[PDB]
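K.L.:
The structure under discussion is supplied below as structure tokens; questions concerning it will follow.
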Amino acid sequence: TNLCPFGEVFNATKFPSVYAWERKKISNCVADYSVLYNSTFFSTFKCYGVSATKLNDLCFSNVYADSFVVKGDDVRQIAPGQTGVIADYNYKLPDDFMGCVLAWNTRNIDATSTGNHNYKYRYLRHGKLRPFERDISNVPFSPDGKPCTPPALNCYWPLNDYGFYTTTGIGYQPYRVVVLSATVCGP
Amino acid sequence: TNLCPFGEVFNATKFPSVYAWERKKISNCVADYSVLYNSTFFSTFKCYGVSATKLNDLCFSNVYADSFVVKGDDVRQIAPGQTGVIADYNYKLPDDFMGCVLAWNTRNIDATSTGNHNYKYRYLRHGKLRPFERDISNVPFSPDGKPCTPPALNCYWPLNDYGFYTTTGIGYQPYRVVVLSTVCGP
Amino acid sequence: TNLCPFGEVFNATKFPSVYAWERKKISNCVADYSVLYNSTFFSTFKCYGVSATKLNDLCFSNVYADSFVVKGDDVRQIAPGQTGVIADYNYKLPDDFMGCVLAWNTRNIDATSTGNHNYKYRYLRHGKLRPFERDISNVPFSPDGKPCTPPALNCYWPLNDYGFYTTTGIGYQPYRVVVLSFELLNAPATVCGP
Amino acid sequence: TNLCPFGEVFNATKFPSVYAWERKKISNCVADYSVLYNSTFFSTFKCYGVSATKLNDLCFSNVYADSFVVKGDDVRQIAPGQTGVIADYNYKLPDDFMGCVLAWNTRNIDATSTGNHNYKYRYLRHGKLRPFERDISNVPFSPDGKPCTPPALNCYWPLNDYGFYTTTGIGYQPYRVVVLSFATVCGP
Amino acid sequence: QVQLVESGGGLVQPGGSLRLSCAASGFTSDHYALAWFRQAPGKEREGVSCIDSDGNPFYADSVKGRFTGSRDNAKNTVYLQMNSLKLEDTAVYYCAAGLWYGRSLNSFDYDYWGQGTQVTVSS
Amino acid sequence: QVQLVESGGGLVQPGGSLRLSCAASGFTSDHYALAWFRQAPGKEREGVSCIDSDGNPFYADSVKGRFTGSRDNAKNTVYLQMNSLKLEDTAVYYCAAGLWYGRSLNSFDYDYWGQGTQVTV
Amino acid sequence: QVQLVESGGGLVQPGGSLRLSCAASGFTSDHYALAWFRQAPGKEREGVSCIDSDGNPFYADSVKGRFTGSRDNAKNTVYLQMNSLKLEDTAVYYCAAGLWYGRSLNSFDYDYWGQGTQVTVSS
Amino acid sequence: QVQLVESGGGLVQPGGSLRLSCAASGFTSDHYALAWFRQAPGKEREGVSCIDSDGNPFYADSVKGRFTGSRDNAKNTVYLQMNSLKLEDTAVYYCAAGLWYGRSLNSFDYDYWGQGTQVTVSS
């Protein structure tokens, strides 16, 4: 009877960095995906292994929504078979994934003339991520594996920052991504 | 509550070569895929993009079954994203495929001590195949495209032969493949 | 004794399109490759399988220089193992290549505020190119291969044009490329170093 | 002048495993590589980035020869751009490599009906090898990095053994490899 | 490999109409969406229209009501009719497909790009 | 990339028991099928057992009723318990995976091979 | 991509001669050496003859003095003359290419394989 | 695989000096050339300095006499000394490696890019 709380994730005031992505579990509701693909709010709406039109004719146990933020040239890395720093170290999707990817430009809220460097992503890690694996540790990376703090030789900090100004192209502009993976049914 | 005509394809005495593969249309029936994987008749039973256990809870308009025969080393080419002569020129599957692949050894019925060369495959074509495209032409291939005489220079026949003996290993033995693409589950 | 006529190729006023690239044979001269690597006239100077420094201590029978013009983002395709329209249909390098690639920006001579579309490249062909193969034909491409004239359906022209304006970045800006090939199999060698 | 002591490396009675490969420095001699290419002693003689006929007219400071032994199916990994257990963890070649690879079958000398497991190769390491990098350590591998002795859980030995019998095909048979990398070694 | 070939571009006058075609040759997938992109000198290629996997098309807000795109089922050609042209519509138009069983109006999602057909609106 | 690590092989006498473990490394997908293979010296690589994509396991007819294998999905480790050993079960045992939903092959046409752990009787 | 096409196989009698052709429809991108392989039912693929890229030929121990192989310099065609045939030379013959300067008569060094033309010397 | 990690960037004041380090990880080749690039917000990535595989450096005209870069043979590290700084030198600096023998001051020839350490010049 009750409908799924989608606007709580889309009308959300604050979004986290990619490495600290968040997942909200959806259960015991009727999701009307018809209004979503027919809405121009999203510039990117990609569904893998299934067309969104047919989601209205399926039931599911639970639906998961991973919310995070990356720049444009790194939105394509949220995809099966894709490699790269965002896919290797921050958010990996399985090649047999079945779901949808949603994204839209947010230069209006995440870009400043001074530069909004609050958004960080991981560029160093010991081994890549499993699908849906989440490494939010912030211990200084080292090649030898032996823990070091200082900014001395062969010791680096693990997270790096996105630089979001207003002059950059859509490849460097912030996009807000929401990935979607018998209680949650169609109409 | 009509049943799908499955046994008519599996217990079939005659199977075609890969280049001339055949498709049996399934319609107006209830497909119970659960009973099939519980049978040891297939040595190879791989499903792509869906689990066979959940197929029992799905409806479809029509189901297509492509029957053909290749050797072992050429069974791996029957797969999405796979390349090779069988996939390039004989039977190409789409990378976004959703279905199952079935195979089993048939050395006992398709191999002879002299060599059973009735099974042929295409190794020359002008361009690769689209998904589910079927080229059963037997015109002497030429690079220039101009039709020529087959024993002439730069003029070859398009089909080659499988040699299926009893003395060869299981890599060279014939396997019988069936690919799966109102028709509901129970 | 006599010096190699390099400046005739580098200070040459006019350069051809990529698909119709031209090659000048160098013979019977002393080539000093040290001055070239030490000169900033080229912004891109990439040598494959050999260092330009040791060419100054080497002999060759004849040296070949392929001159042509492509845009910035497509200079990366002038390399062994590189794919793409320029490598597939206009200029293919062999994977066992041993030589050097030279390039430099020429927006001052090949870019206009209106657009210089005189430079064309091939984007359609029936089969990719062999190493050093050159197809300067201008026949309308067809999928079936059968020749067609009609610009009415399923028949397209093989050449497309570079649009070189002044406002675009160096990725769209014209670079004038000169590729250097060698040869030794001829028992007498003629192009030597100092 | 002095001739190069090649037979000392090729007619050698003892060859090391791949992970413990050895390199012999050659200096102060005239190598005539033409006589080698014309000899049937090697079944595989592949040269990368250079022709063997023209090597006879070239000078070098010192010549290096890496000797080791692997099976047929693993000979293909001794090549630029090649991956695999032997190439990743035992002997890595650079993509810009310039030299020659020599090999020949030695089932008559390195295979027994009982199984010759004396030849070992590395299948576990923390990170791949640099070109010409050599890890002859034999410390128990661990995924977590924490050193462990007990071989029961999540702790494995880094080396594995080749089982070389006479009944297996040439894909499983031992071959003896000699790799050559690169002014004392000149032509005539 | 994969090939996209645009055709139909040329010099037109304001208020007029144009038809652009682009055909896909090599496609080992089955459910790819097809879209049209335009780029002016010194600007980033904007998403003009994006047609679903054999279904409904989507246009950018800047061309809504003026442009119409569609696909062919038998062939692998998408058409885009450009009505009521303006002077800002001058650009080099590209077709792009991408292999994702969905739709997007962003340039960074399109694994496979076509070629440049010039569209000029002058007098 | 992906790596398969076998463990548990050793010398036994007939009638005994053995357990083999195998661990998978590269998880570029989630519904991978896992199987066990053996090959005697100079013989063709036989399919021993195949465990579904987190489902039911399947054994070859020659070892049915004698062997039992299964995996843990959380630990991504496959185990194979080998009861009632014989002398014909002597072979070099291999771990292999494969990227196909539910039931999968018994033939050798897989995608990822492990490393030969020897079992002797 | 690369493609090799064998031709010339057929039924012959002992003591005769045969010539087999193979065409290299692949890229000249490298300095590839080309070789000849045969395989009988239930046996391992033997390296028959190998002609390097530099023009030098090499034969297997079993056919030395009996077989002669060569390449076409202008085109990409390798020939194999088989003189003084026997019944043990019966096998399915393959063309193979390898991307090095030297030579090899081993099956595992041949990254690119041709098709199979059958040669029978029975009766 | 390949990994490039820049280090040494930070907030500085005009007239000072800086040293930047970047380390190479997964290079299966031997003589790859190494270079320094800088990218201001909304601007095209400028070539700062490029040191070939043989150790010889090449600088852009805008930093000649002001910048000094060099490589370490033993360690896979490239260094860039930045003397006589200005406020227009504020940019995100990148190291990039290219798989040839010579030099290239162009961004499009490298295939392997670093992650980028920020350099800010304030007062």
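Please note that chains go A, B, ... in the order of the structure tokens, that every chain numbers its residues from 1, and that ligands are numbered from 1 in the order shown.
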Could you make a table, as a tab-separated table, of the residues of chain H that have an atom within 12 Å of an atom of chain D, each with its nearest atom pair and distance in Å to one decimal, counting only C-alpha atoms, in chain and number order?

P.N.:
residue	atom	partner	partner_atom	distance
H:1	CA	D:128	CA	8.9
H:2	CA	D:128	CA	11.3
H:24	CA	D:130	CA	11.6
H:25	CA	D:130	CA	9.4
H:26	CA	D:130	CA	8.0
H:27	CA	D:130	CA	7.6
H:28	CA	D:94	CA	5.2
H:29	CA	D:94	CA	4.8
H:30	CA	D:94	CA	6.5
H:31	CA	D:96	CA	8.1
H:32	CA	D:96	CA	9.7
H:76	CA	D:130	CA	11.5
H:99	CA	D:96	CA	9.2
H:100	CA	D:96	CA	9.6
H:101	CA	D:96	CA	10.7

K.L.:
Provide as number ranges by chain the residues of chain B at most 10 Å from chain C, counting only C-alpha atoms.

P.N.:
B: 126, 144-145

K.L.:
Taking only C-alpha atoms into account and nothing else, which residues of chain H lie no more than 9 Å away from chain C? Please answer as number ranges by chain.

P.N.:
H: 44, 54, 58, 99-111

K.L.:
Please save C-alpha atoms of the selected residues as a CSV table (one decimal), in the first residue's frame.

P.N.:
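And here is the file that came out, selection13.csv:
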chain,number,residue,atom,x,y,z
H,44,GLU,CA,44.2,23.5,-21.3
H,54,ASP,CA,68.3,9.3,-21.4
H,58,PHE,CA,63.2,19.9,-21.9
H,99,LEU,CA,56.5,4.8,-23.9
H,100,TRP,CA,59.1,6.1,-26.4
H,101,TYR,CA,62.8,7.3,-26.6
H,102,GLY,CA,62.5,11.0,-27.1
H,103,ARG,CA,60.6,14.1,-25.7
H,104,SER,CA,57.1,15.4,-26.0
H,105,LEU,CA,55.7,18.6,-24.5
H,106,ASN,CA,52.2,17.6,-25.6
H,107,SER,CA,49.5,16.2,-23.4
H,108,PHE,CA,48.0,13.9,-26.0
H,109,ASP,CA,51.0,11.6,-26.4
H,110,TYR,CA,51.4,9.9,-23.0
H,111,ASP,CA,48.7,7.2,-22.2

K.L.:
After a least-squares superposition on chain E over all sequentially paired C-alpha atoms, what is chain G as a PDB file with C-alpha atoms, in the first residue's frame?

P.N.:
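Contents of the output file selection-v8.pdb:
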ATOM      1  CA  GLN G   1      34.485  -3.565 -35.434  1.00  0.00           C
ATOM      2  CA  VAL G   2      31.849  -0.895 -34.679  1.00  0.00           C
ATOM      3  CA  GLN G   3      31.454   2.022 -37.096  1.00  0.00           C
ATOM      4  CA  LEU G   4      28.986   4.940 -37.289  1.00  0.00           C
ATOM      5  CA  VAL G   5      28.500   7.001 -40.483  1.00  0.00           C
ATOM      6  CA  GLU G   6      26.672  10.351 -40.413  1.00  0.00           C
ATOM      7  CA  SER G   7      25.093  11.951 -43.482  1.00  0.00           C
ATOM      8  CA  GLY G   8      22.703  14.771 -44.320  1.00  0.00           C
ATOM      9  CA  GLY G   9      24.568  17.897 -43.208  1.00  0.00           C
ATOM     10  CA  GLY G  10      24.686  21.026 -45.312  1.00  0.00           C
ATOM     11  CA  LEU G  11      24.113  24.757 -45.501  1.00  0.00           C
ATOM     12  CA  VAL G  12      20.522  25.848 -44.750  1.00  0.00           C
ATOM     13  CA  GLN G  13      18.730  29.031 -43.737  1.00  0.00           C
ATOM     14  CA  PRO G  14      16.811  29.864 -40.531  1.00  0.00           C
ATOM     15  CA  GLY G  15      13.232  28.664 -40.196  1.00  0.00           C
ATOM     16  CA  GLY G  16      13.946  25.676 -42.441  1.00  0.00           C
ATOM     17  CA  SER G  17      14.155  21.976 -41.674  1.00  0.00           C
ATOM     18  CA  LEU G  18      16.840  19.294 -41.952  1.00  0.00           C
ATOM     19  CA  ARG G  19      17.109  15.528 -41.510  1.00  0.00           C
ATOM     20  CA  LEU G  20      20.374  13.819 -40.557  1.00  0.00           C
ATOM     21  CA  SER G  21      21.166  10.126 -41.005  1.00  0.00           C
ATOM     22  CA  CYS G  22      23.541   7.868 -39.110  1.00  0.00           C
ATOM     23  CA  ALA G  23      24.260   4.216 -39.895  1.00  0.00           C
ATOM     24  CA  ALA G  24      25.352   1.622 -37.324  1.00  0.00           C
ATOM     25  CA  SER G  25      27.911  -0.509 -39.144  1.00  0.00           C
ATOM     26  CA  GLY G  26      28.776  -2.085 -35.776  1.00  0.00           C
ATOM     27  CA  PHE G  27      27.630  -5.275 -34.118  1.00  0.00           C
ATOM     28  CA  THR G  28      24.045  -5.780 -32.933  1.00  0.00           C
ATOM     29  CA  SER G  29      25.638  -7.877 -30.130  1.00  0.00           C
ATOM     30  CA  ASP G  30      24.037  -5.568 -27.559  1.00  0.00           C
ATOM     31  CA  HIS G  31      20.824  -3.550 -27.049  1.00  0.00           C
ATOM     32  CA  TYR G  32      22.437  -0.209 -27.689  1.00  0.00           C
ATOM     33  CA  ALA G  33      20.741   3.138 -27.312  1.00  0.00           C
ATOM     34  CA  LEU G  34      21.617   5.794 -29.874  1.00  0.00           C
ATOM     35  CA  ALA G  35      21.875   9.544 -29.365  1.00  0.00           C
ATOM     36  CA  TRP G  36      22.697  12.809 -31.122  1.00  0.00           C
ATOM     37  CA  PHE G  37      25.416  15.269 -30.109  1.00  0.00           C
ATOM     38  CA  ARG G  38      26.510  18.640 -31.453  1.00  0.00           C
ATOM     39  CA  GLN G  39      29.625  20.703 -30.822  1.00  0.00           C
ATOM     40  CA  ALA G  40      30.478  24.274 -31.877  1.00  0.00           C
ATOM     41  CA  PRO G  41      34.039  25.679 -31.950  1.00  0.00           C
ATOM     42  CA  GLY G  42      35.103  26.549 -28.419  1.00  0.00           C
ATOM     43  CA  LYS G  43      32.126  24.920 -26.666  1.00  0.00           C
ATOM     44  CA  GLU G  44      31.387  21.670 -24.839  1.00  0.00           C
ATOM     45  CA  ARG G  45      29.726  18.796 -26.685  1.00  0.00           C
ATOM     46  CA  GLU G  46      25.989  19.053 -25.942  1.00  0.00           C
ATOM     47  CA  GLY G  47      23.671  16.055 -25.937  1.00  0.00           C
ATOM     48  CA  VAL G  48      20.977  16.940 -28.481  1.00  0.00           C
ATOM     49  CA  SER G  49      18.624  13.954 -28.519  1.00  0.00           C
ATOM     50  CA  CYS G  50      18.690  10.376 -27.259  1.00  0.00           C
ATOM     51  CA  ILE G  51      16.432   7.564 -28.461  1.00  0.00           C
ATOM     52  CA  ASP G  52      16.599   4.500 -26.222  1.00  0.00           C
ATOM     53  CA  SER G  53      16.872   0.932 -27.445  1.00  0.00           C
ATOM     54  CA  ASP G  54      13.194   0.380 -26.519  1.00  0.00           C
ATOM     55  CA  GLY G  55      12.074   3.047 -29.022  1.00  0.00           C
ATOM     56  CA  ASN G  56      11.447   5.970 -26.597  1.00  0.00           C
ATOM     57  CA  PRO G  57      12.956   9.390 -27.588  1.00  0.00           C
ATOM     58  CA  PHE G  58      14.446  12.085 -25.293  1.00  0.00           C
ATOM     59  CA  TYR G  59      15.458  15.641 -26.251  1.00  0.00           C
ATOM     60  CA  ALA G  60      17.675  18.324 -24.746  1.00  0.00           C
ATOM     61  CA  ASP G  61      15.997  21.263 -23.018  1.00  0.00           C
ATOM     62  CA  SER G  62      17.000  23.738 -25.753  1.00  0.00           C
ATOM     63  CA  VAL G  63      15.247  22.026 -28.697  1.00  0.00           C
ATOM     64  CA  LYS G  64      12.141  20.463 -27.126  1.00  0.00           C
ATOM     65  CA  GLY G  65       9.113  20.893 -29.361  1.00  0.00           C
ATOM     66  CA  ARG G  66      11.424  21.920 -32.218  1.00  0.00           C
ATOM     67  CA  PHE G  67      13.398  18.720 -32.934  1.00  0.00           C
ATOM     68  CA  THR G  68      12.228  15.182 -33.681  1.00  0.00           C
ATOM     69  CA  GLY G  69      14.496  12.148 -33.765  1.00  0.00           C
ATOM     70  CA  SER G  70      13.841   8.472 -34.485  1.00  0.00           C
ATOM     71  CA  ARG G  71      15.431   5.168 -35.509  1.00  0.00           C
ATOM     72  CA  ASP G  72      14.845   2.542 -38.169  1.00  0.00           C
ATOM     73  CA  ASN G  73      13.575  -0.656 -36.579  1.00  0.00           C
ATOM     74  CA  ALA G  74      14.488  -3.088 -39.369  1.00  0.00           C
ATOM     75  CA  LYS G  75      17.899  -1.572 -40.108  1.00  0.00           C
ATOM     76  CA  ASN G  76      20.450   0.142 -37.854  1.00  0.00           C
ATOM     77  CA  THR G  77      19.780   3.726 -38.995  1.00  0.00           C
ATOM     78  CA  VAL G  78      18.816   6.610 -36.667  1.00  0.00           C
ATOM     79  CA  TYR G  79      17.229   9.760 -38.100  1.00  0.00           C
ATOM     80  CA  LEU G  80      17.039  13.291 -36.680  1.00  0.00           C
ATOM     81  CA  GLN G  81      14.456  15.791 -37.952  1.00  0.00           C
ATOM     82  CA  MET G  82      15.359  19.369 -37.029  1.00  0.00           C
ATOM     83  CA  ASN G  83      12.323  21.607 -37.508  1.00  0.00           C
ATOM     84  CA  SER G  84      12.221  25.387 -37.017  1.00  0.00           C
ATOM     85  CA  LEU G  85      15.964  25.877 -37.373  1.00  0.00           C
ATOM     86  CA  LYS G  86      17.894  28.824 -35.921  1.00  0.00           C
ATOM     87  CA  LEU G  87      21.416  30.205 -36.227  1.00  0.00           C
ATOM     88  CA  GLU G  88      22.448  28.956 -32.764  1.00  0.00           C
ATOM     89  CA  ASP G  89      21.767  25.379 -33.896  1.00  0.00           C
ATOM     90  CA  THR G  90      24.939  25.723 -35.989  1.00  0.00           C
ATOM     91  CA  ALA G  91      27.338  22.996 -34.836  1.00  0.00           C
ATOM     92  CA  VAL G  92      29.157  19.847 -35.941  1.00  0.00           C
ATOM     93  CA  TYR G  93      26.743  17.001 -35.243  1.00  0.00           C
ATOM     94  CA  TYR G  94      27.871  13.551 -34.110  1.00  0.00           C
ATOM     95  CA  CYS G  95      26.281  10.135 -33.780  1.00  0.00           C
ATOM     96  CA  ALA G  96      26.978   8.126 -30.624  1.00  0.00           C
ATOM     97  CA  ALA G  97      26.024   4.686 -29.315  1.00  0.00           C
ATOM     98  CA  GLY G  98      25.887   3.369 -25.761  1.00  0.00           C
ATOM     99  CA  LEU G  99      25.531  -0.173 -24.496  1.00  0.00           C
ATOM    100  CA  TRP G 100      22.690   0.024 -21.962  1.00  0.00           C
ATOM    101  CA  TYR G 101      18.908  -0.279 -21.917  1.00  0.00           C
ATOM    102  CA  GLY G 102      18.099   3.210 -20.571  1.00  0.00           C
ATOM    103  CA  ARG G 103      18.889   6.708 -21.841  1.00  0.00           C
ATOM    104  CA  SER G 104      21.495   9.424 -21.297  1.00  0.00           C
ATOM    105  CA  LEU G 105      22.158  12.879 -22.758  1.00  0.00           C
ATOM    106  CA  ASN G 106      25.706  13.078 -21.361  1.00  0.00           C
ATOM    107  CA  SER G 107      28.878  13.022 -23.447  1.00  0.00           C
ATOM    108  CA  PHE G 108      30.780  10.766 -21.057  1.00  0.00           C
ATOM    109  CA  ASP G 109      28.454   7.731 -21.334  1.00  0.00           C
ATOM    110  CA  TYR G 110      29.015   7.210 -25.045  1.00  0.00           C
ATOM    111  CA  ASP G 111      31.778   4.638 -25.514  1.00  0.00           C
ATOM    112  CA  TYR G 112      31.374   4.744 -29.350  1.00  0.00           C
ATOM    113  CA  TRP G 113      31.441   7.943 -31.437  1.00  0.00           C
ATOM    114  CA  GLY G 114      30.588   8.628 -35.066  1.00  0.00           C
ATOM    115  CA  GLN G 115      32.076  11.072 -37.532  1.00  0.00           C
ATOM    116  CA  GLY G 116      31.431  14.753 -38.010  1.00  0.00           C
ATOM    117  CA  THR G 117      28.905  16.179 -40.469  1.00  0.00           C
ATOM    118  CA  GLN G 118      28.820  19.986 -40.443  1.00  0.00           C
ATOM    119  CA  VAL G 119      25.523  21.898 -40.333  1.00  0.00           C
ATOM    120  CA  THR G 120      25.649  25.679 -40.943  1.00  0.00           C
ATOM    121  CA  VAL G 121      22.650  28.024 -40.824  1.00  0.00           C
ATOM    122  CA  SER G 122      24.453  31.286 -41.683  1.00  0.00           C
ATOM    123  CA  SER G 123      23.582  32.384 -45.243  1.00  0.00           C
TER     124      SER G 123
END

K.L.:
Would you please give, as a PDB file with N, CA and C atoms, in the first residue's frame, all residues of segment 47-100 of chain F that DSSP assigns to strand (DSSP E or B) based on the backbone?

P.N.:
ATOM      1  N   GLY F  47      36.656 -34.090 -15.183  1.00  0.00           N
ATOM      2  CA  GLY F  47      35.824 -33.292 -14.303  1.00  0.00           C
ATOM      3  C   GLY F  47      35.376 -34.064 -13.076  1.00  0.00           C
ATOM      4  N   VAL F  48      35.780 -33.620 -11.879  1.00  0.00           N
ATOM      5  CA  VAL F  48      35.498 -34.325 -10.627  1.00  0.00           C
ATOM      6  C   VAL F  48      34.164 -33.882 -10.031  1.00  0.00           C
ATOM      7  N   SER F  49      34.037 -32.588  -9.736  1.00  0.00           N
ATOM      8  CA  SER F  49      32.819 -32.035  -9.151  1.00  0.00           C
ATOM      9  C   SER F  49      32.673 -30.570  -9.532  1.00  0.00           C
ATOM     10  N   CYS F  50      31.422 -30.114  -9.584  1.00  0.00           N
ATOM     11  CA  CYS F  50      31.099 -28.747  -9.972  1.00  0.00           C
ATOM     12  C   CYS F  50      30.026 -28.223  -9.033  1.00  0.00           C
ATOM     13  N   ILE F  51      30.323 -27.121  -8.356  1.00  0.00           N
ATOM     14  CA  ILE F  51      29.418 -26.507  -7.391  1.00  0.00           C
ATOM     15  C   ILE F  51      28.774 -25.290  -8.038  1.00  0.00           C
ATOM     16  N   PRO F  57      25.587 -28.723  -5.634  1.00  0.00           N
ATOM     17  CA  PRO F  57      26.774 -29.264  -6.302  1.00  0.00           C
ATOM     18  C   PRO F  57      26.450 -30.489  -7.149  1.00  0.00           C
ATOM     19  N   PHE F  58      27.324 -30.736  -8.129  1.00  0.00           N
ATOM     20  CA  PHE F  58      27.191 -31.850  -9.071  1.00  0.00           C
ATOM     21  C   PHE F  58      28.519 -32.577  -9.202  1.00  0.00           C
ATOM     22  N   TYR F  59      28.460 -33.905  -9.154  1.00  0.00           N
ATOM     23  CA  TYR F  59      29.623 -34.773  -9.225  1.00  0.00           C
ATOM     24  C   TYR F  59      29.551 -35.611 -10.496  1.00  0.00           C
ATOM     25  N   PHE F  67      32.289 -38.746  -2.940  1.00  0.00           N
ATOM     26  CA  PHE F  67      32.839 -37.423  -2.686  1.00  0.00           C
ATOM     27  C   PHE F  67      31.718 -36.443  -2.361  1.00  0.00           C
ATOM     28  N   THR F  68      32.046 -35.424  -1.564  1.00  0.00           N
ATOM     29  CA  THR F  68      31.112 -34.345  -1.249  1.00  0.00           C
ATOM     30  C   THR F  68      31.893 -33.044  -1.192  1.00  0.00           C
ATOM     31  N   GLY F  69      31.550 -32.104  -2.064  1.00  0.00           N
ATOM     32  CA  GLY F  69      32.161 -30.792  -2.045  1.00  0.00           C
ATOM     33  C   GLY F  69      31.112 -29.702  -2.023  1.00  0.00           C
ATOM     34  N   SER F  70      31.507 -28.548  -1.495  1.00  0.00           N
ATOM     35  CA  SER F  70      30.645 -27.373  -1.442  1.00  0.00           C
ATOM     36  C   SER F  70      31.507 -26.173  -1.073  1.00  0.00           C
ATOM     37  N   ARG F  71      30.958 -24.977  -1.272  1.00  0.00           N
ATOM     38  CA  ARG F  71      31.670 -23.746  -0.966  1.00  0.00           C
ATOM     39  C   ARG F  71      30.892 -22.867   0.006  1.00  0.00           C
ATOM     40  N   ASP F  72      31.620 -21.941   0.633  1.00  0.00           N
ATOM     41  CA  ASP F  72      31.034 -20.839   1.387  1.00  0.00           C
ATOM     42  C   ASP F  72      31.121 -19.586   0.524  1.00  0.00           C
ATOM     43  N   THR F  77      35.532 -19.578  -0.554  1.00  0.00           N
ATOM     44  CA  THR F  77      36.430 -20.724  -0.484  1.00  0.00           C
ATOM     45  C   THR F  77      35.614 -21.963  -0.831  1.00  0.00           C
ATOM     46  N   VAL F  78      36.114 -22.796  -1.747  1.00  0.00           N
ATOM     47  CA  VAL F  78      35.447 -24.062  -2.043  1.00  0.00           C
ATOM     48  C   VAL F  78      36.185 -25.181  -1.330  1.00  0.00           C
ATOM     49  N   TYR F  79      35.418 -26.080  -0.730  1.00  0.00           N
ATOM     50  CA  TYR F  79      35.950 -27.253  -0.069  1.00  0.00           C
ATOM     51  C   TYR F  79      35.442 -28.495  -0.791  1.00  0.00           C
ATOM     52  N   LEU F  80      36.224 -29.567  -0.729  1.00  0.00           N
ATOM     53  CA  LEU F  80      35.828 -30.849  -1.309  1.00  0.00           C
ATOM     54  C   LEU F  80      36.267 -31.944  -0.350  1.00  0.00           C
ATOM     55  N   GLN F  81      35.303 -32.617   0.270  1.00  0.00           N
ATOM     56  CA  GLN F  81      35.594 -33.743   1.145  1.00  0.00           C
ATOM     57  C   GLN F  81      35.555 -35.022   0.312  1.00  0.00           C
ATOM     58  N   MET F  82      36.647 -35.781   0.344  1.00  0.00           N
ATOM     59  CA  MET F  82      36.818 -36.985  -0.467  1.00  0.00           C
ATOM     60  C   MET F  82      36.827 -38.210   0.443  1.00  0.00           C
ATOM     61  N   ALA F  91      45.584 -38.492  -8.654  1.00  0.00           N
ATOM     62  CA  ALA F  91      45.677 -37.540  -9.751  1.00  0.00           C
ATOM     63  C   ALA F  91      46.149 -36.213  -9.174  1.00  0.00           C
ATOM     64  N   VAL F  92      46.517 -35.291 -10.062  1.00  0.00           N
ATOM     65  CA  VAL F  92      46.821 -33.917  -9.673  1.00  0.00           C
ATOM     66  C   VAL F  92      45.522 -33.129  -9.754  1.00  0.00           C
ATOM     67  N   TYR F  93      45.073 -32.596  -8.624  1.00  0.00           N
ATOM     68  CA  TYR F  93      43.760 -31.968  -8.548  1.00  0.00           C
ATOM     69  C   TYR F  93      43.870 -30.459  -8.724  1.00  0.00           C
ATOM     70  N   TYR F  94      42.943 -29.898  -9.507  1.00  0.00           N
ATOM     71  CA  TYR F  94      42.929 -28.489  -9.868  1.00  0.00           C
ATOM     72  C   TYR F  94      41.607 -27.850  -9.483  1.00  0.00           C
ATOM     73  N   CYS F  95      41.686 -26.579  -9.115  1.00  0.00           N
ATOM     74  CA  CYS F  95      40.515 -25.753  -8.884  1.00  0.00           C
ATOM     75  C   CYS F  95      40.250 -24.894 -10.112  1.00  0.00           C
ATOM     76  N   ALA F  96      38.978 -24.775 -10.478  1.00  0.00           N
ATOM     77  CA  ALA F  96      38.592 -23.981 -11.632  1.00  0.00           C
ATOM     78  C   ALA F  96      37.273 -23.284 -11.352  1.00  0.00           C
ATOM     79  N   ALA F  97      37.140 -22.062 -11.857  1.00  0.00           N
ATOM     80  CA  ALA F  97      35.911 -21.301 -11.707  1.00  0.00           C
ATOM     81  C   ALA F  97      35.334 -21.003 -13.087  1.00  0.00           C
ATOM     82  N   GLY F  98      34.284 -20.200 -13.112  1.00  0.00           N
ATOM     83  CA  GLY F  98      33.626 -19.923 -14.368  1.00  0.00           C
ATOM     84  C   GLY F  98      32.417 -19.042 -14.177  1.00  0.00           C
TER      85      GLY F  98
END

K.L.:
May I have the residues within 10 Å of segment 115-127 of chain C as number ranges by chain, using only C-alpha atoms and disregarding those fewer than 4 positions away in the same chain?

P.N.:
C: 15-20, 68-71, 84-86, 88-91, 109-111, 135-145, 156-166, 174; E: 3, 5, 41, 115; G: 1
